[PDB]
Amino acid sequence: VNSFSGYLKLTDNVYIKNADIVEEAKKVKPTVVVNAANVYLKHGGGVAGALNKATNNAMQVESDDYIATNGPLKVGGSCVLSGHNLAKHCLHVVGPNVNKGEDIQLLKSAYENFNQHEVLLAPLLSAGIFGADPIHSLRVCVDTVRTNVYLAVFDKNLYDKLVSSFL
Ligand SMILES: CC(C)OCCn1c(=S)[nH]c(=O)c2[nH]ccc21
């Protein structure tokens, strides 16, 4: 048993809820929250800007030191950093950004990072401002992630679109 509440069960291991990922992290304090990161860990908008804002910019300060030491992530890659006040850890995962022209086939590689963690609170990757189709992102998630994933999909309209169409 875990602390996640109000989720619809899609599969053996994938759950979904109409909830903002920041408010969910603050309530649950999960072991792992996933950030929808870019390769530079520049948290400006979407999930990254909201999580960083909720950490009072401590996520960005930590991320800038990570990049200064290690250089940029790969598209499809990840790193584990602090979860600050939101979670034990933040798994920063880079899905392909369609609005920058990246290979959508890299979305499966992105989701494979989740399999290194037994339980995660996560957005969809590559949807919203990243330019891909969220229905596709949910299908790749279900067909790639084997660990237990709780998908916090921001508002009613995106929640309603994903559930009704789910195969
Ligand atoms: C940044 C990209 C991946 O956004 C996807 C949509 N998204 C989702 S799925 N859950 C949230 O909680 C959330 N907050 C802001 C955006 C957002």
# chains A, B, ... in the order shown; residues from 1 in each chain; ligands from 1
>>> residues_near_ligand(ligand="ligand 1", cutoff="7 Å", atoms="only C-alpha atoms and all ligand atoms", output="PyMOL selection string")
chain A and resi 19-22+36+45-48+50+123-130+152-154
>>> residues_around(residues="region 97-107 of chain A", least_positions_apart="2", cutoff="8 Å", atoms="only C-alpha atoms", output="PyMOL selection string")
chain A and resi 75-76+95+109-111+125-126+129-132+137+140
>>> write_last_selection(atoms="C-alpha atoms", output="JSON list (two decimals), in the first residue's frame")
[["chain", "number", "residue", "atom", "x", "y", "z"],
["A", 75, "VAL", "CA", 17.50, 13.84, -25.17],
["A", 76, "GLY", "CA", 15.98, 10.62, -23.78],
["A", 95, "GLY", "CA", 11.62, 13.80, -23.51],
["A", 109, "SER", "CA", 14.08, 5.92, -24.23],
["A", 110, "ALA", "CA", 12.90, 8.78, -21.98],
["A", 111, "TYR", "CA", 10.26, 6.58, -20.27],
["A", 125, "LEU", "CA", 6.57, 13.44, -21.15],
["A", 126, "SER", "CA", 6.77, 15.26, -24.52],
["A", 129, "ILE", "CA", 4.43, 22.66, -24.58],
["A", 130, "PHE", "CA", 6.87, 19.88, -25.87],
["A", 131, "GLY", "CA", 4.60, 19.55, -28.92],
["A", 132, "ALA", "CA", 3.71, 15.83, -29.03],
["A", 137, "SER", "CA", 2.75, 9.75, -24.71],
["A", 140, "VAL", "CA", 4.35, 4.80, -24.81]]
>>> select_by_dssp(residues="chain A", states="helix (DSSP H, G or I)", output="PyMOL selection string")
chain A and resi 21-28+46-54+58-70+98-100+106-116+128-130+134-144+156-164
>>> residues_around(residues="residue 43 (chain A)", least_positions_apart="3", cutoff="12 Å", atoms="only C-alpha atoms", output="ChimeraX atom specification")
/A:35-40,46-64,92,94
>>> closest_residue(among="A:41, A:28, A:86, A:91", to="residue 68 (chain A)", atoms="only C-alpha atoms")
A:41
>>> residues_around(residues="residue 147 (chain A)", least_positions_apart="3", cutoff="9 Å", atoms="only C-alpha atoms", output="PyMOL selection string")
chain A and resi 13-14+114-120
>>> write_last_selection(atoms="N, CA and C atoms", output="compact mmCIF listing (two decimals), in the first residue's frame")
# COMPACT_ATOMS: atom_id res chain seq x y z
N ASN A 13 0.26 -1.46 -13.53
CA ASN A 13 1.30 -0.60 -12.91
C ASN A 13 1.11 0.88 -13.19
N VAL A 14 0.17 1.30 -14.00
CA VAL A 14 0.00 2.72 -14.39
C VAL A 14 -1.33 3.25 -13.87
N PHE A 114 12.25 5.63 -16.10
CA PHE A 114 11.35 5.40 -14.94
C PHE A 114 11.56 4.00 -14.34
N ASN A 115 12.03 3.05 -15.15
CA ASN A 115 12.14 1.66 -14.69
C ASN A 115 13.24 1.51 -13.66
N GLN A 116 14.07 2.53 -13.42
CA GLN A 116 15.12 2.47 -12.38
C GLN A 116 14.55 2.81 -11.01
N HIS A 117 13.25 3.09 -10.90
CA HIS A 117 12.62 3.55 -9.66
C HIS A 117 11.33 2.76 -9.46
N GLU A 118 11.16 2.22 -8.26
CA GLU A 118 10.01 1.33 -7.99
C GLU A 118 8.66 2.06 -8.07
N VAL A 119 8.61 3.29 -7.60
CA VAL A 119 7.38 4.10 -7.60
C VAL A 119 7.72 5.52 -8.00
N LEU A 120 6.90 6.15 -8.81
CA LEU A 120 7.15 7.56 -9.23
C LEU A 120 5.84 8.30 -9.36
>>> decode(residues="region 62-106 of chain A", atoms="C-alpha atoms", output="CSV table (one decimal), in the first residue's frame")
chain,number,residue,atom,x,y,z
A,62,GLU,CA,21.2,22.8,-7.8
A,63,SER,CA,20.6,22.2,-11.5
A,64,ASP,CA,23.1,24.9,-12.6
A,65,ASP,CA,25.8,23.3,-10.4
A,66,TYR,CA,25.0,19.9,-12.0
A,67,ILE,CA,25.3,21.3,-15.5
A,68,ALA,CA,28.5,23.2,-14.7
A,69,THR,CA,30.1,19.9,-13.5
A,70,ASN,CA,28.6,17.3,-16.0
A,71,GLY,CA,27.4,19.2,-19.1
A,72,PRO,CA,24.0,18.8,-20.6
A,73,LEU,CA,21.8,15.7,-20.5
A,74,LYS,CA,21.0,13.7,-23.6
A,75,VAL,CA,17.5,13.8,-25.2
A,76,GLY,CA,16.0,10.6,-23.8
A,77,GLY,CA,18.3,10.8,-20.7
A,78,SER,CA,17.9,11.7,-17.1
A,79,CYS,CA,19.6,12.5,-13.8
A,80,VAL,CA,18.6,12.2,-10.2
A,81,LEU,CA,18.8,15.3,-8.1
A,82,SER,CA,17.2,16.5,-4.8
A,83,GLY,CA,13.4,16.6,-4.5
A,84,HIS,CA,13.8,19.7,-2.2
A,85,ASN,CA,10.5,20.3,-0.4
A,86,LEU,CA,8.5,18.3,-2.9
A,87,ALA,CA,9.9,14.7,-2.8
A,88,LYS,CA,12.9,12.8,-1.6
A,89,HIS,CA,14.4,12.9,-5.2
A,90,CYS,CA,13.6,14.5,-8.5
A,91,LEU,CA,14.2,12.4,-11.6
A,92,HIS,CA,14.8,15.0,-14.3
A,93,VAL,CA,13.9,13.3,-17.6
A,94,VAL,CA,14.3,14.8,-21.1
A,95,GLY,CA,11.6,13.8,-23.5
A,96,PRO,CA,11.9,15.0,-27.1
A,97,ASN,CA,10.6,18.5,-27.8
A,98,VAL,CA,8.6,18.4,-31.1
A,99,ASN,CA,8.7,22.3,-31.1
A,100,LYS,CA,12.6,22.0,-31.4
A,101,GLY,CA,12.4,19.1,-34.0
A,102,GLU,CA,13.6,16.1,-31.9
A,103,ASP,CA,12.9,12.4,-32.8
A,104,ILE,CA,9.6,11.2,-31.2
A,105,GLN,CA,11.2,7.7,-31.1
A,106,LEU,CA,13.3,9.1,-28.2
